[PDB]
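For reference, the chains in residue letters:
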Amino acid sequence: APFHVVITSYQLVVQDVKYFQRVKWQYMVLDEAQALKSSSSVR
DNA sequence: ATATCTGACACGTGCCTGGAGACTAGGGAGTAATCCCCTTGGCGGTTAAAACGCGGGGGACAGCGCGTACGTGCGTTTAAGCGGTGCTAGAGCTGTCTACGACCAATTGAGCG
């Protein structure tokens, strides 16, 4: 891949997923993952 | 009775709208020089203005009759939902060419002879 690691936040990712899925990743890093505690969330 | 629901009620960040600050430099505001203008104002070939004598036809009937109105028949009109699924705008991105910038020639207006 031409550029390696991308830095993001949950408010962007829940809208931008359609763009991010245009590129594959080897590994996912998910920081303060308690942001995902609600399975009811759109996030 | 109980699981768990629908507010209460708030700060998360997104979006764009919307304001004010400090800069350049585009252009607006101040001015003469001077011209050339809107304007004032007498001139006589030409038509607004109104009678008299008069021509073209406006005016008020009688009633014939080629069309006009009602409003129900009856068979042809669009309604109407909701199946599939191609079109359609979003929208992400070029891949340039096309109209709009930067440097300087043919043709014009100004000067007066």
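In the PDB header, cryo-EM is given as the technique by which the entry was determined, and 3.35 Å as its resolution.

**Student:** Hey, could you go over the overall build of chain A for me, with residue numbers and the actual values?
**Tutor:** Along its length, chain A carries one helix and zero strands. Along the first, second and third principal axes, the C-alpha set of chain A runs to 35 × 20 × 15 Å. Per-residue burial for chain A yields a buried fraction of 2% across its 43 residues. Total accessible area on chain A is roughly 4,800 Å²; 58% of this is exposed by carbon and sulfur atoms.

**Student:** Lay out the protein's contact with DNA strand B in plain terms, naming residues and giving numbers.
**Tutor:** Around DNA strand B sit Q11, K18, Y19 and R22, and that is every residue in its neighbourhood. Of everything in DNA strand B that lies within 4 Å of the protein, sugar and phosphate atoms constitute 100%. Separating a sugar or linking oxygen of DNA strand B from a side-chain N or O atom of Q11 is a distance of 2.9 Å. Interatomic distance of 2.8 Å between a side-chain N/O atom of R22 and a phosphate oxygen of DNA strand B. Its residues placed into classes, the surface near DNA strand B shows one nonpolar, one polar and two charged.

**Student:** With reference to specific residues and values, describe the environment of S41.
**Tutor:** Tracing the backbone shows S41 in the segment after α1 (10–20). Sequence-wise, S41 and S9 are 32 residues apart; in three dimensions their C-alpha atoms are separated by 15 Å. There is a polar contact of 2.6 Å between the side chain of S41 and the backbone oxygen of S38.

**Student:** Describe in detail the environment of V6, supporting the description with residues and values.
**Tutor:** Tracing the backbone through its elements, the reader meets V6 in the segment before α1. What makes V6 partly exposed here is its relative accessible area of 49%. Note: C-alpha distance between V6 and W25 (19 residues apart in sequence) is 9.8 Å. Not counting the four nearest positions on each side in its chain, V6 is found in contact with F20 and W25.

What counts and what doesn't
- For each chain, numbering restarts from 1 and follows the sequence as written, which can differ from how the entry numbers it; residues lacking coordinates are not listed.
- Chain letters start at A and ligand numbers start at 1, both assigned in the order the entries are written.
- This view holds some of the chains of a larger assembly, and the values cover only those chains.
- Values shown for side chains rest on all heavy atoms present in the structure; no hydrogens or waters enter the calculation.
- Put simply, DSSP H or I for four residues or longer makes a helix, DSSP E for two residues or longer makes a strand, and each gets a number counted from the N terminus.
- Classification of residues uses two cut-offs on accessible area relative to the type maximum, computed with a 1.4 Å probe and protein chains only: under 20% is buried, over 50% is exposed, and between them is partly exposed.
- What sets the accessible areas is the Shrake-Rupley method with a 1.4 Å probe; for residues, cover comes only from the shown protein chains.
- Any residue with at least one heavy atom within 4 Å of a molecule or strand is counted as near it.
- Any pair of N or O atoms that falls within 3.5 Å is considered a polar contact. Within protein, one atom must be able to donate a hydrogen and the other to accept it, and sequence-neighbouring residues count only if both atoms are side-chain atoms.
- In this count, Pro and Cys sit with the nonpolar residues alongside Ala, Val, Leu, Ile, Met, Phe, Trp and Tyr, while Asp, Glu, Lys and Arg are called charged and the others, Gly among them, polar.
- Here, residues are in contact when the closest pair of their heavy atoms is within 4.5 Å.

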